[PDB]
Amino acid sequence: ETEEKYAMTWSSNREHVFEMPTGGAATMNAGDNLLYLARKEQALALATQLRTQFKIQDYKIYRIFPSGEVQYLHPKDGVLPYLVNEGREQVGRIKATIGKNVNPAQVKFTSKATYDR
Amino acid sequence: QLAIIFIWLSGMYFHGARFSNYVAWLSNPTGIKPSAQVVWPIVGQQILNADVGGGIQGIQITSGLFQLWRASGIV
Amino acid sequence: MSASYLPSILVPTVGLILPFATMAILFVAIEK
Amino acid sequence: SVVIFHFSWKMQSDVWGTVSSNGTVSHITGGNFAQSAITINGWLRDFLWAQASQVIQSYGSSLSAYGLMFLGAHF
Amino acid sequence: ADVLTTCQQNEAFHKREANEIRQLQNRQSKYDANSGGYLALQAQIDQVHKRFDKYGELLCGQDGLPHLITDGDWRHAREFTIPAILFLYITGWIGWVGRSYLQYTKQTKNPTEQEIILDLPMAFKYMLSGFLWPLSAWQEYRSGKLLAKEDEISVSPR
Amino acid sequence: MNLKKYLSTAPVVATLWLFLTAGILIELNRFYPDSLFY
Amino acid sequence: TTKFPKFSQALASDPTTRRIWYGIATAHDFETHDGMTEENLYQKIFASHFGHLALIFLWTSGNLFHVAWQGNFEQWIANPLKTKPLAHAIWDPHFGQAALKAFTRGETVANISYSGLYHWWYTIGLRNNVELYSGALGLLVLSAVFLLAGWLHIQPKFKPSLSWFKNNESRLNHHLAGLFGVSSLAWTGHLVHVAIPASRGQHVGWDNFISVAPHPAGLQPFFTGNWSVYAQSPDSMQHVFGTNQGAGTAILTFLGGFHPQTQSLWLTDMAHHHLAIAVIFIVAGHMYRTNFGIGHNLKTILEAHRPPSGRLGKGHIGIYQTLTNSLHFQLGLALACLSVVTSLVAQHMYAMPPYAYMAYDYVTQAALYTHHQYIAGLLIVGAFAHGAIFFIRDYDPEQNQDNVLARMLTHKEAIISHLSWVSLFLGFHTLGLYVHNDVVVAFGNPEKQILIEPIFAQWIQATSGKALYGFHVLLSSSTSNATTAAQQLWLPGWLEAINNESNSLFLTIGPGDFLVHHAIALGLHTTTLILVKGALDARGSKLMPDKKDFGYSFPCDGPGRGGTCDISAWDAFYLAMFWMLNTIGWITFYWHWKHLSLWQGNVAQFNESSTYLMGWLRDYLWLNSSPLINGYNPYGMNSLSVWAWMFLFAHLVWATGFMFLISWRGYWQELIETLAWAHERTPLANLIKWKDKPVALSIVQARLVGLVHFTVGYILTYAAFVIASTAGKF
Amino acid sequence: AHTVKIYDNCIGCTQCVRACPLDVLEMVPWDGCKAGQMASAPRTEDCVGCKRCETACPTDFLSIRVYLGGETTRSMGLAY
Amino acid sequence: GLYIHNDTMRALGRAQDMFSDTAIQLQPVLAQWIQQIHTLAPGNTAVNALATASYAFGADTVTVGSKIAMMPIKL
Amino acid sequence: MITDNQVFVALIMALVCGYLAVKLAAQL
Ligand code: CLA
Ligand code: CLA
Ligand code: CLA
Ligand code: CLA
Ligand code: CLA
Ligand SMILES: CC1=C(/C=C/C(C)=C/C=C/C(C)=C\C=C\C=C(C)\C=C\C=C(C)\C=C\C2=C(C)C[C@@H](O)CC2(C)C)C(C)(C)C[C@H](O)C1
Ligand SMILES: CC1=C(/C=C/C(C)=C/C=C/C(C)=C/C=C/C=C(C)/C=C/C=C(C)/C=C/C2=C(C)CCCC2(C)C)C(C)(C)CCC1
Ligand SMILES: CC1=C(/C=C/C(C)=C/C=C/C(C)=C/C=C/C=C(C)/C=C/C=C(C)/C=C/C2=C(C)CCCC2(C)C)C(C)(C)CCC1
Ligand SMILES: CC1=C(C/C=C(\C)CCC[C@H](C)CCC[C@H](C)CCCC(C)C)C(=O)c2ccccc2C1=O
Ligand code: SF4
Ligand code: SF4
């Protein structure tokens, strides 16, 4: 509409009663399911519920932009993020430990942070 | 919880029996101040034994036990 | 005081007119 | 707190007190609730300030434990 | 010194004694001689006399209340110095035997269990051994057993 | 032996020791009241 | 730079109400602003300093102009002991007729002044409304000039270089010799030429000051060196201030003690003080090497102060660079010294009143002591705050290796643990002794109180010549070489003042004063503990060893590692403010009650009631509240109505602060979510759209907003009480 | 947005990734530790800064660190 | 807000602008009406009741000695 | 007593400070 939305699709064999992340009981369809949620965290909170309680693994979360663009979010690579998977490039690595971070004095009036080696 | 409540109630009745002006209060309910706690004389705290009447000195009680016991017919 | 009319003009100005103008000015400034 | 303050002041102002032989009611705080209890200043002054007189003047009397507990409880 | 005088020679002090007896006697007047109310109030009257007589030797302000001197003057040793020494002897004992027991517990298999469930025999052993704690503490200090080394103590980054 | 372990627990020994301590101080003030100096 | 705030893109991109709040709150943290350079930082501060100075001169102008235009200065001069000075006129259309009458002061509806301006202005020689008004116009010009200077120095050609701003030796020479020294010399000129003549009923102003010599002998004595001439014939002890009746000719004296009429320092003592000070500062400001190949290098002095033992490691090596390169180190030291000066002003001005008759204006005395101790309290908290900020933002360990500053961090646990010990000791024993006293007094045995004589402080009073305690030491000994040396100078006047029990010069002290001093020691040590712990743990702790990476102010490091609420050095500032307010409370309560008792002539009340805390609650707070809370009542209202209303307002503001301090963000954000929901689903209302998404205040914001309500309520409550209680009583 | 960094003392326990309620983090192959894997923070545009990841990290000190930065609709956790 | 309005009007010498029994009255007319009904109850809507459930609602002032036990609590 | 003229002279000089203040504010 004006803001980003989140579509969550999944399949179920049974018509399980589940808890909406927005509160209250819902019944999922014995087949394809599609929920629209305001927040990625709501979709993932529901996904955790589906996975842990109902052993549903085939959930897919999308970001819908107000332009009309649909961005597939989760599971990004098809494999859950906590299972190590080939083709994932490390993001956010800093060499050595936090103890090797510099003083703010050394980085004052610069773009650099204390952890920028 | 009920055991503890019974110890507490028992205490209130025993303090009434042993350390109170209840009997005297029955004869002058408007004049005598109900008292069922007497403090020991130590470090000057016996000042708290107030002139409540009924031939004792003690703390004036506000629990309404005397009014309860009078309604129950305890003399 | 000498100019005993002045508080009748300046207290409304500093107290009502100017604070409304300032709130209006700041509203536009922080919302554009 | 506001319920028990409402109670204490209303009862003292408008209910509790003495009736003379003539039969004129004199209330503990002499009907000050109606005109004092309509401002916060009236609550501060005619209730807390005025009625705290007893607890803060309690030192060297049988009510001194209340004075001590008043300060202890503030602490 | 006009600000402080011996309480014995202080009129305000004598006035306070008289006032306190008068208040107790004004209460006693509402009781009938042989009554518990009378005897209790008479006991307090007797102790008022004994107290004011005892505090007579102290210095008194113009308020007629005993004022304690704590400057080290030996004439007032009983007011602060002797109580001070006694305090430090007792609390030094408490601290020392506490340290002794704590050091015992760190030699045991479950040190934390011996902090919430006391080894009472060992607690008693250290508690009864506190009476020469200043010598004990001196001997540990001299022997380099009192203090941990700067090297061995954990600190946060500076 | 388990009852003695219980009676050696922090709160029981603290209660009993501070009871004993309070008793000594109370009894000293009963027999030596109004001690403002040594 | 295309949406408020222009100085932070990170804030400007925030789609929530947080953008506006954080824009305001970070507007003056120039260091953290987008593309800030060291040169631009200094230049912005320098120009902002001109703005602030101009503000001080406009405020002062306001005070002179309002007193000139609406005050009763002329009428107050005529009768300074009876007449109440007026601040300014009231024009309030919410006033009922009864309120107009209640606030009518002569023919005008006005506020009474408790700022002591009339006493000060009268002492320095101002005698009529046209002189005050001239002052107001003069200071409007000074304001305008500083605004021109401020504007000039952010124009490209007039922006001073970074090297200019770090010229320490030059700034110190000029500030010592010029700003302090010459100001004190010029001020001496005012006292000798204007104020002292005015004190002797001789009008000297702009009209005649060229012709009218301030001493009969002229400047002949000053160049011949016969300086004794200026001290001959001081104002007699019968001198009627503002008149020639018993007036002397002296312009520089060392009388000591007070003018017996005005109960204030002799103007000729104050003239000679300022001459002595002016010379000391002019000489002091010739210390440091500038452009003429003489004087000291500050680095050379610092680097030389390394004890050869090695007990201070590398001593002060590196300190010069560290201080020169940190504005926060500079602000910290500046706030620390200014705080101490503000406290000394508070202590010395009540004890040694400089201003004619102000000793008799009790509300003003109380107002000024309290005002300045709260300012001193704010300044010392700020000093330590900038100490903490310095450690995070500016402190480089490598550049301070093994120097005195690095050594502080090296034994921070020793320092904090000992401050903890002294705080605990003072707290246990001070509260302990008060509670002992409360209990034995409550049980009717005040003779069982522990009343420790403040014998060390009494002995110090005796060293300055107070005979009362029976000590015969130094100035209280007739035979002391200290006594005999001063006998012909200030000692007669000083001994008269110090042995007078009616003034505030070395007030008689007893057990009451002992206990509250230990309360004050507790407050100084605990506030210090919080601020020092704040500063020394600012860079990191075992709980957060990388804290310096998160900066001065951050909410927490989340609920992990046991939980980390209020771990930032800013949080130590926040906690220290409560202790600073508490401590200044104890100080100002003490000052006020001690003075109420003195002024009533019932010193016995304070002496007997101050040794237990019920005495303070009953005989200080409860007793003195009566005039205040009766400012209005069902029967009507009087001039204290405004203090009664302010008093309740301040209690409300204080209590509103508790909401922000006790209830934390998550509660509120969830509630706001429902309000946003409701608005969007309400017909007519939902046509109106917020531009900024409403969110709950930030974790740190609520600490600040809660602390501001707390602090404002704390200050306004006591202001209303200390003014109305004193005004109502006298 | 918030900044999430992974330091070299990461033991590849996966606990931060399992704890993250926004799917900011994932495990990537790495020879640096015996586990043969390291935490990664590729989707910090979705990071709300809850620090559940840091709470979960068993290393002393933390191998994952969250630096709260500039607030966004996403980072403020707003559903309006 | 009514208390704050009132504090403000009283402080400004504007007692005739207050919410009070003597200025802008806010009578609890429903509570007053219910008190009347409860006073009129005995012999009427409570035909066999000899007296009111409570003297708080209306009718007589009950005294024990000189002291007021209960009486109408006027709202 | 401060004349109407004196009060108005004060106001024009305060106006000048207003002008110079805005000039500084706008640049800072
Ligand atoms: C310096 C600040 C200031 C000033 C000068 C005033 C002045 C006034 N307020 Mg107060 N007020 C203020 C701040 C101020 N207020 C604040 C901050 C609050 C919140 C606590 C209040 C809360 C408050 C309340 C609740 C009330 C007042 C009222 C009044 C009026 C009482 C006098 C009267 O009897 O008029 C009686 C009314 C008149 C003579 C009619 C004049 C009304 C205006 C001026 C109409 C002008 C119309 C004009 C063509 C267009 C200009 C509109 C605007 C831009 C100025 C007076 C106009 C009372 C009032 O009557 O307000 C309407 C009133 O009930 N005030
Ligand atoms: C054997 C026990 C013991 C010993 C020798 C010490 C010794 C010390 N404490 Mg510590 N402390 C202790 C227990 C002890 N403490 C306990 C249980 C607590 C939690 C309440 C503390 C909390 C504490 C704080 C907050 C501080 C100290 C400080 C200190 C130092 C300064 C003196 C002081 O303030 O003491 C007085 C200590 C207190 C008032 C705290 C309570 C002391 C308890 C009641 C004693 C317990 C005795 C123990 C139960 C005995 C059992 C032995 C038995 C089984 C054989 C000193 C090193 C200060 C410091 O760091 O100075 C540099 C300081 O700021 N202590
Ligand atoms: C710290 C130094 C200092 C301070 C704070 C004061 C303060 C005051 N003086 Mg004093 N005075 C001083 C030094 C000082 N003076 C010196 C060195 C002399 C020469 C001996 C005088 C001689 C003097 C006379 C003759 C008079 C005053 C008066 C006053 C009062 C009003 C001044 C005014 O309207 O100017 C407003 C402030 C300014 C204009 C500040 C900017 C300063 C400019 C840039 C420098 C120029 C100085 C001066 C204003 C003009 C010089 C005149 C010329 C013939 C030399 C005020 C209390 C007047 C008064 O009413 O006494 C009660 C008055 O008639 N003073
Ligand atoms: C010469 C004195 C001086 C100077 C130049 C500075 C300069 C600075 N301070 Mg320091 N500071 C000072 C004194 C000073 N401070 C003092 C005295 C204290 C103790 C209070 C502090 C404590 C302090 C802290 C804790 C912090 C600073 C910070 C800063 C930086 C700016 C923060 C900002 O943008 O403010 C903007 C300020 C506000 C938006 C506050 C608005 C005004 C307050 C809330 C008062 C509201 C009063 C209210 C309206 C009255 C109600 C009236 C009633 C009748 C209704 C800046 C470098 C901060 C920083 O970022 O450094 C790293 C920081 O966190 N200072
Ligand atoms: C009346 C209010 C009050 C009191 C009594 C305290 C007390 C204390 N504060 Mg706190 N503080 C307060 C308000 C208060 N604070 C507020 C509003 C804030 C703002 C959030 C703070 C923030 C603050 C900070 C940031 C710090 C302190 C510290 C301290 C300690 C200072 C040293 C001291 O006095 O030790 C003596 C201890 C006391 C006076 C506490 C009471 C001890 C009692 C009387 C003993 C009771 C024993 C008795 C037998 C009863 C037992 C009861 C039973 C149920 C078991 C002390 C524990 C500092 C600290 O911990 O220093 C070491 C510290 O750093 N405070
Ligand atoms: C032993 C042992 C302990 C070890 C504690 C050890 C390390 C303590 C370390 C102390 C430190 C290093 C410096 C101590 C500095 C001592 C100060 C500086 C005291 C100066 C004296 C004053 C100045 C009195 C003056 C005066 C006196 C003379 C007379 C009065 O009347 C007047 C006043 C004015 C009060 C424990 C903790 C484990 C507990 C255990 O239990 C026993
Ligand atoms: C002419 C005339 C007239 C008119 C007049 C008037 C009306 C006036 C006005 C006036 C005014 C109306 C004034 C104003 C003023 C202002 C000011 C003076 C301000 C100030 C400021 C400052 C000083 C500062 C500030 C700042 C800040 C806070 C922020 C930023 C920075 C700065 C620093 C800038 C009349 C009609 C009578 C008629 C006749 C003629
Ligand atoms: C954290 C920090 C900081 C801060 C700080 C502070 C805040 C401080 C303060 C401090 C203070 C606040 C101090 C004070 C002190 C004082 C003194 C040191 C004094 C002394 C005195 C004397 C010595 C005296 C003497 C005498 C007498 C007593 C009498 C007679 C006369 C005579 C003079 C002889 C800084 C920034 C640095 C940096 C970083 C860190
Ligand atoms: C009451 C309370 C709130 C709720 C209060 C909020 C959100 C502030 C409410 C807004 C006030 C009333 C200001 C309204 C301002 C007007 C809209 C005017 C314009 C404002 C300018 C800045 C533009 C919190 O959000 C909170 C957060 C964290 C800890 C404690 C608390 C807390 O105690
Ligand atoms: S802070 Fe929260 S949202 Fe961000 S990576 Fe860690 S667990 Fe995920
Ligand atoms: S929890 Fe810590 S150690 Fe484990 S994978 Fe995450 S960053 Fe690495």
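Residues numbered from 1 in each chain as written, not as in the entry; some residues may be left out. Chains lettered and ligands numbered in written order. Part of a larger assembly, values for the part shown. Heavy atoms only, no water.

What the entry reports as its method is cryo-EM, with 1.92 Å given for the resolution.

(A) The arrangement of the overall build of chain E in detail. Each helix and strand in chain E was counted, giving 6 helices and 2 strands. Counted from the first residue to the last, chain E has its helices and strands arranged as β-α-α-β-α-α-α-α. Overall size of chain E, expressed as C-alpha extent along the three principal axes, is 70 × 45 × 35 Å. Expressed as a percentage of its 158 residues, the buried residues of chain E come to 35%. In chain E, the share of contacts with a sequence separation of at least 24, taken over all contacts with a separation of at least 6, comes to 57%. The distance from the centre of the 18 positive side-chain charges to the centre of the 19 negative ones in chain E is 4 Å. (Helix = DSSP H or I, 4+ residues; strand = E, 2+ residues; numbered from the N terminus. Buried < 20%, exposed > 50% of the residue type's maximum accessible area, 1.4 Å probe, protein only. Contact = heavy atoms within 4.5 Å. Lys, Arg positive; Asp, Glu negative; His and termini not counted. Charge placed at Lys NZ, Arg CZ, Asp CG, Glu CD.)

(B) Fine view of the overall build of chain C. Broken down by element type, chain C carries 1 helix and 0 strands. C-alpha atoms of chain C, sized along the principal axes, occupy 45 × 10 × 5 Å. Accessible surface for chain C amounts to roughly 2,300 Å². Of this, 83% is attributable to carbon and sulfur atoms. (Areas by Shrake-Rupley, 256 points an atom, 1.4 Å probe, with all protein chains shown as cover.)

(C) Local environment of the site of ligand 6. In the neighbourhood of ligand 6, the contacting residues comprise E:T70, E:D71, E:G72, E:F80, E:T91, E:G92, E:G95, E:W96, E:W133, E:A137 and G:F456. Residues near ligand 6 are shared among chains E and G, making this a multi-chain site. Elements represented by at least two residues in the shell around ligand 6 include exactly α3 (81–105) and α6 (133–142) of chain E. (Near = heavy atom within 4 Å.)

(D) Highlighting the state of the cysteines. Residues and elements named next belong to chain E. Taken as a whole and assessed by the stated rule, the structure comprises 1 disulfide over all chains. Here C7 pairs with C60 through a disulfide, and the sulfurs are 2.0 Å apart. The sign of the S-S torsion, about 100 degrees, decides the handedness of the disulfide formed by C7 and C60: right-handed. Of this pair, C7 sits in the loop between β1 (5–6) and α1 (11–28) while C60 is found in strand β2 (residues 59–60), placing the two residues 53 residues apart along the sequence. Judged by its relative accessible area of 0%, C7 falls in the buried class. (Disulfide = S-S within 2.5 Å.)

(E) Examining the packing of helix α3 (residues 38–70) of chain G against helix α1 (residues 4–27) of chain J more closely. Where α3(G) contacts α1(J), the two axes come as close as 12 Å, and the packing angle between them is 165 degrees. In terms of orientation, α3(G) lies roughly antiparallel with respect to α1(J). Helix-helix and strand crossings are classified by hand; for α3(G) and α1(J) the assignment is left-handed. Contact residues: G:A47, G:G51, G:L58, G:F65 and G:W69 in α3(G); J:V7, J:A10, J:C17 and J:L24 in α1(J). (Axes fitted to C-alpha atoms, helices over the stretch in contact; angles between N-to-C directions. Parallel < 35°, antiparallel > 145°, perpendicular 65-115°, else oblique. Left-handed = near helix turned anticlockwise from the far one by under 90°.)

(F) Representation of the interface of chain A and chain H. On the side of chain H, 37 residues touch chain A, which itself brings 33 residues to the contact. With both chains or domains summed, chain A and chain H bury close to 2,800 Å², and 54% of this area falls on carbon and sulfur atoms. A per-residue breakdown of the area chain A buries against chain H is headed by A:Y82, A:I98 and A:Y115, which together make up 20% of the total. Connecting chain A to chain H are 5 salt bridges. The salt bridge partner of H:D46 is A:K40, with a shortest N-O separation of 2.6 Å. Summed over the shared surface of chain A and chain H, the result is 17 residue pairs in polar contact. Counting only elements with at least two residues in the side of chain A that touches chain H, the list comes to α1 (40–54), β6 (70–74) and β7 (93–94) of chain A. The greatest single-element share of the side of chain A that touches chain H, amounting to 3 residues, is contributed by α1(A). (Buried area = accessible area lost by both parts, 1.4 Å probe. Salt bridge = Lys/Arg side-chain N within 4 Å of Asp/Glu carboxyl O. Polar contact = N/O pair within 3.5 Å; in protein donor to acceptor, adjacent residues only side chain to side chain.)

(G) Quick peek at the sheet that holds strand β1 (residues 3–7) of chain H. Sheet architecture is open: 3 strands sit in the order β7(A)-β1(H)-β4(H), paired in mixed fashion. Each edge of the open sheet is held by one strand with a lone partner, namely β7 of chain A together with β4 (64–67) of chain H. Relative to β4(H), β1(H) runs antiparallel, the two being bridged by 4 bridges. Bridge pairing in β4(H) links H:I6 to H:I64. (Pairing = 2+ DSSP bridges.)

(H) Summary view of the sheet that holds strand β1 (residues 35–37) of chain B. All names here are of chain B. Spatially, the 3 strands line up as an open sheet ordered β1-β3-β2, and their pairing is antiparallel. Of all strands in the sheet, those with a lone pairing partner are β1 and β2 (50–53), marking the two edges. Between one strand axis and the next, the sheet turns by 80 degrees as a mean value, whatever way the strands run. Note: β2 against strand β3 (residues 56–60), 2 bridges, orientation antiparallel. The residue of β3 that forms the bridge with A50 is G58.

(I) Main features of a nonpolar patch on the surface. Residue and element names in this part refer to chain E. Residues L86, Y89, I90, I94, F131, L132, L135, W138, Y141 and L147 make up a contiguous nonpolar surface patch of roughly 1,000 Å² in combined accessible area. Those elements that place two or more of their residues in the nonpolar patch are α3 and α6. Per element, the largest residue contribution to the nonpolar patch is 4 residues, and it comes from α3. Judged by its relative accessible area of 42%, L135 is partly exposed. (Patch = residues over 30% accessible without salt bridge, like charges linked within 9 Å, V, L, I, M, F, W, Y side chains within 5 Å.)

(J) A look at the pattern of salt bridges. Summed over the entire model, instances satisfying the criterion amount to 49 salt bridges over all chains. Taking the shortest distance from any N to any O, the salt bridge between G:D557 and H:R65 comes out at 2.8 Å. Here H:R65 lies in strand β4 and G:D557 lies in the loop between α21 (511–536) and α22 (569–600), a pairing that spans two chains. Owing to a relative accessible area of 0%, H:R65 belongs among the buried residues under this scheme. Via salt bridges that share partners, G:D546, G:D557, G:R561, H:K51, H:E54 and H:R65 belong to a single interconnected network.

(K) Structural context of unusual backbone geometry. In this model, A:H74 is joined to A:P75 through a cis peptide bond whose omega is -15 degrees. Tracing the chain through its elements places A:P75 in the loop between β6 and β7. The backbone of G:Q263 shows a phi angle near 50 degrees, a positive value even though the residue is not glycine. Turning to its location among the elements, G:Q263 is positioned in the loop between β4 (258–259) and β5 (264–265). Positive phi is not limited to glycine here, since G:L474 has a value of about 55 degrees. Its location among the elements puts G:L474 in the loop between α18 (455–463) and α19 (481–486). Classification of G:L474 by relative accessible area gives partly exposed; the value is 38%.

(L) Highlighting the nonpolar core. Ranked by internal contacts, the top residues of the largest apolar core, which has 153 residues, are G:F73, G:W121, G:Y552 and G:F573. For this core, the leading source of residues is α22(G), giving 18 residues. When sequence neighbours within four positions are dropped, the list of residues in contact with G:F73 reads G:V67, G:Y118, G:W121, G:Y122, G:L126, G:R127, G:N128, G:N129 and G:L132. A:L50, G:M544, H:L25 and H:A41 belong to the second-largest nonpolar core, a separate cluster that totals 52 residues. (Core = buried A, V, L, I, M, F, W, Y, C linked by side-chain atoms within 4.5 Å.)

(M) The arrangement of helix α2 (residues 36–55) of chain E in detail. The terminal C-alpha atoms of α2(E) lie 29 Å apart, and with 20 residues this matches the ideal 28 Å at 1.5 Å per residue to within 8%. Within α2(E), burial applies to E:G37, E:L41, E:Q44, E:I45, E:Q47, E:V48, E:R51, E:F52 and E:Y55. Residues of α2(E) that are buried in the fold lie against β3 of chain B together with α1 of chain E. (Expected span 1.5 Å × (residues − 1).)

(N) Molecular detail of empty space enclosed by the protein. Residues and elements named next belong to chain H. Taken as a whole, this structure holds 8 cavities of 30 Å³ or more when the rule is applied. There is about 100 Å³ of room inside the largest cavity. Lining of the largest cavity is provided by 14 residues; of these, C20, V24, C47, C50 and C53 occupy positions nearest its centre. Residues belonging to the lining of the largest cavity are distributed by class as follows: 11 nonpolar, 1 polar and 2 charged. (1 Å grid on protein atoms, 1.4 Å probe; cavity = no way out; pocket = protein on both sides within 12 Å on 5 of 7 lines; lining within 4 Å. Points joined across faces, edges and corners; volume = space filled by probe spheres on them. Nonpolar A, V, L, I, M, F, W, Y, C, P; charged D, E, K, R; others polar.)

(O) Molecular detail of the arrangement of the chains. Among 17 pairs of chains with at least one contact, chains A and H form the most extensive contact set. With no contact between them, chain C and chain I keep their nearest C-alpha atoms 18 Å apart. Over all C-alpha pairs, chain E and chain I never come within contact, reaching a minimum spacing of 23 Å.

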